[PDB]
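Notes follow the structure.
Labels below follow one simple rule: chain letters A, B, ... track the order of the sequence lines, proteins then strands, and each chain is numbered from 1. The analysis underlying the following values was restricted to heavy atoms, covering all of them including side chains, and did not include hydrogens, waters or symmetry mates. Counting starts at 1 for both ligands and their atoms, following the listed order.
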Protein chains: 2
Amino acid sequence: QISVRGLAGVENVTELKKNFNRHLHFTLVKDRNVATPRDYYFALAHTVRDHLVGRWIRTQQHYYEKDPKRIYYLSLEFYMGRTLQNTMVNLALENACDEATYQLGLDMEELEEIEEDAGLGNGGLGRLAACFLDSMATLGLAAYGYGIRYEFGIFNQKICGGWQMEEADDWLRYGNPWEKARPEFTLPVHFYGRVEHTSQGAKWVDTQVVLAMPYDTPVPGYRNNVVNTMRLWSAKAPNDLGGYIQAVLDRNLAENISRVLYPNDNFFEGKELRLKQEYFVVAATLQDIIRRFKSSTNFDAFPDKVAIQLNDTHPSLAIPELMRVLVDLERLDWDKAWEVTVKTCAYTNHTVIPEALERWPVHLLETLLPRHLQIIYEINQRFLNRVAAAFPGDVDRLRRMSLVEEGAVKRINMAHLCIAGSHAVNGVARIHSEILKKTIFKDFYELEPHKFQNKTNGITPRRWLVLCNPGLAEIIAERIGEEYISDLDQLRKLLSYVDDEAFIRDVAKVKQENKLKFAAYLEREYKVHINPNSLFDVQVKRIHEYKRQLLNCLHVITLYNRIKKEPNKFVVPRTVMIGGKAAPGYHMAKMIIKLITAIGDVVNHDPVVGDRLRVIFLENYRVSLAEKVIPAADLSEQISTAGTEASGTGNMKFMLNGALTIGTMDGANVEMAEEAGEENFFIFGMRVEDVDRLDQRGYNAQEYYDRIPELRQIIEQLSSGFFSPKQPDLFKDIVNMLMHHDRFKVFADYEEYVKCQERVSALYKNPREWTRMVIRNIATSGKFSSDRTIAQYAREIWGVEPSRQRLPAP
Amino acid sequence: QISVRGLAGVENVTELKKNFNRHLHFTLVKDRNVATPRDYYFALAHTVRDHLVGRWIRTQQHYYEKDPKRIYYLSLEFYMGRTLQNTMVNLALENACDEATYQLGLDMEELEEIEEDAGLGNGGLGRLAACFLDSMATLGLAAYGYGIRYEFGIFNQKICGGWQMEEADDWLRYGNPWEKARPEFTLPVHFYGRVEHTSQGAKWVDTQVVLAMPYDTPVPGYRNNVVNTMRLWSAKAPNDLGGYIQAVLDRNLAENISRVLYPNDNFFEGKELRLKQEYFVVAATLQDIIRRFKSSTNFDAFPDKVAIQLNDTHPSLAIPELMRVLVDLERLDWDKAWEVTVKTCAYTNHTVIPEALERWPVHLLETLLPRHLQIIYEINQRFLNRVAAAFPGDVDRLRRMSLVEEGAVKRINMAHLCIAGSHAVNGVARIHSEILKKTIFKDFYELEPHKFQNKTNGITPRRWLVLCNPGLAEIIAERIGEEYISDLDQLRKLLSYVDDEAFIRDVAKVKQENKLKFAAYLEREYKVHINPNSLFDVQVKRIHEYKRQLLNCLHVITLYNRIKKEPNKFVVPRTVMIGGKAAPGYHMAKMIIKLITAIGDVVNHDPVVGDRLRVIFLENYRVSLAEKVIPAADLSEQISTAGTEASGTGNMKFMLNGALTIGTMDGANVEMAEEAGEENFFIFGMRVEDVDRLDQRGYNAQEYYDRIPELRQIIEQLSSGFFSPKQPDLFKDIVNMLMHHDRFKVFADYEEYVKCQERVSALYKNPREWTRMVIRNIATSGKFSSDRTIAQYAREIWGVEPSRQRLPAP
Ligand SMILES: *Cc1c(COP(=O)(O)O)cnc(C)c1O
Ligand SMILES: *Cc1c(COP(=O)(O)O)cnc(C)c1O
């Protein structure tokens, strides 16, 4: 059908149909008479999977022969989403499979909807790991993603009575055709025990053993025949067990380690199970790395053949674990082992929010990992000696930089451990990286300035453009070719089409088709009533106070009140869509979701409003839903308080898909506006400097409430029960927070936000100019490709050169 | 190589090799350079499995079209063993696969040893279910085996310091290529709750729900293209869940139902988890049966289209569950529902031992299955009204026949429930069935004589002859053809070769080769030292006091003492092998194992003994080990106290494989001696009548101890610490039991047993005559084919005719 989807050759299609029927018969053990849509999905998946194996085997054989430096990306989250379409795209099999299934009398799009999302992540941090894997494969790097195979990913969200309800994400129920269990490579992981000091070195004895079983999933590069690996560990109890029956049943105690993903987004919860998960992934991965290193004993070359990237501090135990192995097992002297460790590890920070920082209680590490605690203490001591030497007499700096935090209970600052044991520390957006050097990590930057870098986040244009928005990818390819898909900077060539009447019309047509498509999906599933002609105003991301879904709510209520005030006055029609999950134990986030649905209950049923304003809460927001709503959006809401969103990535997805952005100068928003030009962005609100000034003076919400009549009305409506008749004080906690303890200054940006939104509605009334501004955004989104991000990590941190060379065919 | 293994055609072999390499590549994702023997085993398994799917699909389609009466065999145990070789045998693919792998440079026998036994059973009862499935498929019956997919089967037995150690049987670790998960057919099972009585009927509400997920395994008939199904249920928690994390982790509470097989053989343990397993299998299976019935609403025809066979009382809840469904859900009147239930169910009893009888406490059923308890009470009441009417005034008979047992705690006699709700009740050997009518079920037989039948057990000649003893199957086929493999009575034709010098020599040659083969295996694995020229005296079966492994021990010690008394006197060399597992909580059985190894520690290292006597304990006895040792045996020990072994099946395996039998007139031994002629059997000991006389008088072990010098010496050796130097009183419990509370009268059969063993050694000294007697046994073993057993069940209980017709090809 469309060019960018590859060729559907006679031989190829015939071969596909043949193999589809083979799998349906032999693999699924079914015949055409009893097969269900799910059976058909699996037959297709196995058929596509087959095309991947040959390349997978020779890619790995290739690395074994050329022995390049390996990149190990350690993360406790890999937010993969679905794998079928992405695999077809990267193998240029999409049109062929579409035709093959068409001839078999099946609708491929219907089959793709059956696949379960691999939701092994919470949000930004986990999805970045996913985009990164795609870019590393596309850039020909010998990379391996290492994580945990949770049998339950991020919970599925159900909305009942306007409230969030959580249900287990049993994504493996029907099986996972993409993974390959590798029981032969199982490794032991140790916990508890005690440390024994013998003549020649310390020994960690009397430990509890849990086995780590690896499951490998292929990661295909874009049309370059490279297929890398994502290895996920699963917990298994050893076989060596009222006495008998119970002993067997207790095996699940050990296997609970990989049972479920902790649903906290940017929030630290010091639970023992979480700590076990963190060590489990680190211990198994490091043995795997070392094993592979010794195959093709000086460890001096270790840093030249190995690079370990820590995604946040979750896998920070890799630092002391690597030291433990080198010093305790390999018997290297401390100083030598430390040099190797520092040169091997690099750390990526994802937030400056205090409640998100990992600070593990000493008594927990003491019981669970006694040897690691001793190593951490030794690291801290030698580090502080270095600080004392560089800043003589500065005793306060000593306590500020210590990895050990005194107080009620002693804690280990994992962020400090990561900086001390890494040769590179990076922020994820220019403003974020600057904030790290100027504030929270100022002391460390002063001691070792060379370690601090910036690596602005990015997204993969394969999943976030070609896969989810084929219509847009096609009209773009029509003018500039297909080269941009793996070289996004080429989109700048689109700048010469900003006055092209044909292009303007096509860009607008693609958006309209996406909106109609999504509007239908909302009806087909969930039975809603949105109007395709309205402006699609969307804010999708995890529910968090710093994200400010509440500021958006205030605007919605403002719009509704203005309409009720002057009913027959014209207003640009809008469909406000808000979606995202709230962590199960985050009360305020759960109240915000209820507020949104409550507002919808009033606004969507008011006769005077009509179809001029609709408020919809997008249920169960996840990767596959993002692929649907983002291409249909007109306005992207990125309104976090300045200085709180380290980077953001959703913002980049919206920009690449033709939506204009309304946001604060926070995270990557600053760089996006810089690339597209501020006049092509809807910027508003306090800048980081403004927030600091307010904090110096002291934030008093009452002041805003007293001086802004429209705001006062909203707060009084919430308080009086206008949005909760049967429960008048239902939102008392929300009002109290906004009025007395709002860490994110919602009221402070209210006025500028509302005015900015007016400028948005004004531009939307002029279709031609709205579309021209859209073209200016899409054309300058190239910098946000994760291929650019990965190329920088490769050259500036890992010391390897990316390659676009096709691997010697399949 | 050998005839009975089929043809290895040019096209077939080429096709096999091609598909072997396909699976190694695409299925296992490996190449010739990194593949291990296990990888090769799986490639072969998947290749053979492929040949099974086509027949499997059309067999089931066939039943759907012809709609014959279905046979449902309900059992909590299916002792399957390995599946690879058995599948090749039944598909006539053995020689082809042997050649194909040979050309690929692989040894198929080495690959077969890699497969994990499917040990979902304890012993006799579970293996019978397995043989039965094979025979039902071979006889073309539309049969389905229904059970539980335990993730842990019978524990693997390790011997440490002479003691049994148990370790988890993680048989699914590397995956099971034979099963096919059918998540689409998942069914809900209810537990707990309470009963509500409404206007129109009772309702079971507020229940806890556990899902039953089925896994189907194919069961191929012998060269008839029939492939039946064994459906095993797996427990899964529903998705509808500190609050969050814990809720997810607690899912394993529900999934523990199918976690592990209870390791008790012929012993009842009233644990709640076991009760849940029993209802789980019954509830899921009955919904599946009814669903299938309604597809191709009078339930009057239900008995004409459905037959449910209960293997022991474990699945006895099927009776009240069927009533519950018909009365509560389908709304049939009681009397109508009961008529249907009785005509549908049939019960098979496996033992008369009191401690093995299931008597569930009322308070347990009351809490777990409140509605079923009410139904059982109603059944009991109407049954007793029938008894009161037939035997007016006989109040003691009323309490004796009641399904409800009064006493310390009220219990439900599940055996009584089975008789009341079944149209047929059968014993498993003539003597056993007679004992049921004369003793434990005498009252029931008097009330309904027509219900009681006999169905002597049998074994499948495919696994127990062709598969494990190809050498013997071949020399037999050389004279009488291959027809006997599915018509074992033809072995009688071998009677005309009893004087054939060529045959006598071949039979003896095959046995010698099997012994050398096994002797090697004992060395290769476990490093032992047996002598192939000695008489292989073996007793393999579960360790139990009624089996009398102790009587055997006494003989061994007697032999050892006689040698020490007259060292230079000639004695026929023997290798005594004893094997079997002991239930984890059965103390005496565990002490018996230690005694055996202890005896070996003394006997095997005494210089004076030399290689004239060896005592070896066969570790981890299981189906695959049985296939190895049985063909190598010269003497089969079947020495249970008369009246305690209902039938036995191991005895039949030894008879079919050329071993002579030394045993009591118990179980099927009586029928075996009857078929072969008593002069061709080594019968000894008390008969059932003799045991009763002794009980009338009162058994006093002391009498035997006082009158038999050799026996007194043995007991004094055990007591003094002769077999346990460091621990003199180690076997005090054994001696005390033998002397004061031996329920099985070991001493009473000692003298006759020893004398009989002398007659055995005498015959062994005459190779020619020993072999001629062996031929007389093999030739008359035909009656013990499970094909005969199944044909009788079909005609006399299920009302269906067996068929030997080939199904319309694959
Ligand atoms: C891209 C993405 C995110 C991150 O969005 P932000 O707005 O940067 O927080 C979160 N969830 C999903 C499903 C995503 O695809
Ligand atoms: C045949 C068999 C049994 C039953 O043997 P008996 O001597 O009748 O108790 C037990 N275990 C296994 C592994 C068997 O193959």
Side-chain angles (χ1 to χ4, degrees), chain A residues 79-81 117 119 121-128 130-131 154 265-266 350 428-429 457 459-460 463-464 468 538-544 546-547 579-581 618 620-627 629-630 636-640 645-654 663 666-669, chain B residues 79-81 117 119 121-128 130-131 154 265-266 350 428-429 457 459-460 463-464 468 538-544 546-547 579-581 618 620-627 629-630 636-640 645-654 663 666-669:
Chain A
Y79 215 166
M80 304 300 272
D117 272 43
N122 280 287
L125 172 158
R127 177 57 226 178
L128 185 73
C131 287
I154 183 64
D265 184 84
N266 277 293
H350 288 277
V428 289
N457 279 171
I459 59 176
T460 171
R463 181 176 301 270
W464 301 111
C468 65
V538 6
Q539 184 180 202
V540 289
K541 61 222 298 118
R542 286 296 293 269
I543 307 302
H544 217 298
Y546 90 84
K547 307 277 195 179
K581 291 169 182 182
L618 268 25
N620 202 29
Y621 179 62
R622 56 192 186 296
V623 181
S624 63
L625 184 56
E627 294 169 2
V629 68
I630 295 184
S636 169
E637 303 270 1
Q638 307 301 328
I639 61 181
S640 52
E645 190 71 272
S647 168
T649 51
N651 50 183
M652 302 170 191
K653 303 172 189 170
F654 281 100
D666 196 17
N669 291 5
Chain B
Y79 215 166
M80 304 300 272
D117 272 43
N122 280 287
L125 172 158
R127 177 57 226 178
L128 185 73
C131 287
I154 183 64
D265 184 84
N266 277 293
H350 288 277
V428 289
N457 279 171
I459 59 176
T460 171
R463 181 176 301 270
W464 301 111
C468 65
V538 6
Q539 184 180 202
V540 289
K541 61 222 298 118
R542 286 296 293 269
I543 307 302
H544 217 298
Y546 90 84
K547 307 277 195 179
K581 291 169 182 182
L618 268 25
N620 202 29
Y621 179 62
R622 56 192 186 296
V623 181
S624 63
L625 184 56
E627 294 169 2
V629 68
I630 295 184
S636 169
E637 303 270 1
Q638 307 301 328
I639 61 181
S640 52
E645 190 71 272
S647 168
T649 51
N651 50 183
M652 302 170 191
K653 303 172 189 170
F654 281 100
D666 196 17
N669 291 5

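- Residues B:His350 and B:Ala646 share a closest heavy-atom pair of O-CB, 3.1 Å.
- Residue, atom and distance of the protein heavy atom nearest to atom 4 (C) of ligand 1 are A:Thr649 OG1, 3.5 Å.
- To the nearest 0.5 Å, the span separating NZ on A:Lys653 from CD on A:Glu627 amounts to 9.0 Å.
- Residues A:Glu645 and A:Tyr546 are in side-chain contact: their nearest non-hydrogen atoms beyond the backbone lie under 4.5 Å apart.
- Less than 4.0 angstrom separates some heavy atom of B:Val623 from each of these atoms of ligand 2: 13 (C).
- With rounding to the nearest 0.5 Å, the separation of CG in A:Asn457 from OG1 in A:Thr649 is 6.5 Å.
- For B:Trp464, every heavy-atom contact with ligand 2 shorter than 4.0 Å involves the side chain, none the backbone.
- Of the protein's heavy atoms, B:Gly650 N, 3.6 Å lies nearest to atom 6 (P) of ligand 2.
- The nearest heavy-atom contact from the protein to atom 9 (O) of ligand 1 is A:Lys547 NZ, 3.0 Å.
- For ligand 2, the atoms lying closer than 4.0 Å to a non-hydrogen atom of B:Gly648 are 8 (O).
- One finds the CZ atom of B:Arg542 at 11.5 Å from the CG atom of B:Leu125 (value rounded to the nearest 0.5 Å).
- Here the protein heavy atom with the shortest distance to atom 11 (N) of ligand 1 is A:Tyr621 CE2, 3.6 Å.
- Not one N or O of A:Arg622 is nearer than 3.5 Å to an N or O of ligand 1, by distance alone.
- Not one N or O of B:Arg127 is nearer than 3.5 Å to an N or O of ligand 2, by distance alone.
- For ligand 2, the atoms lying closer than 4.0 Å to a non-hydrogen atom of B:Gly123 are 10 (C), 11 (N).
- Within the set A:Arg542, A:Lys653, A:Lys541, A:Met652, the minimum heavy-atom distance to atom 3 (C) of ligand 1 is found for A:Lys653.
- We find the CG-OG1 distance between A:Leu128 and A:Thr460 to be 11.5 Å, quoted to the nearest 0.5 Å.
- Contact annotation: the side chain of B:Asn266 approaches that of B:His544 to within less than 4.5 Å [non-hydrogen atoms, C-beta and beyond].
- Rounded to the nearest 0.5 Å, atoms SG (A:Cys131) and CD1 (A:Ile459) are 6.5 Å apart.
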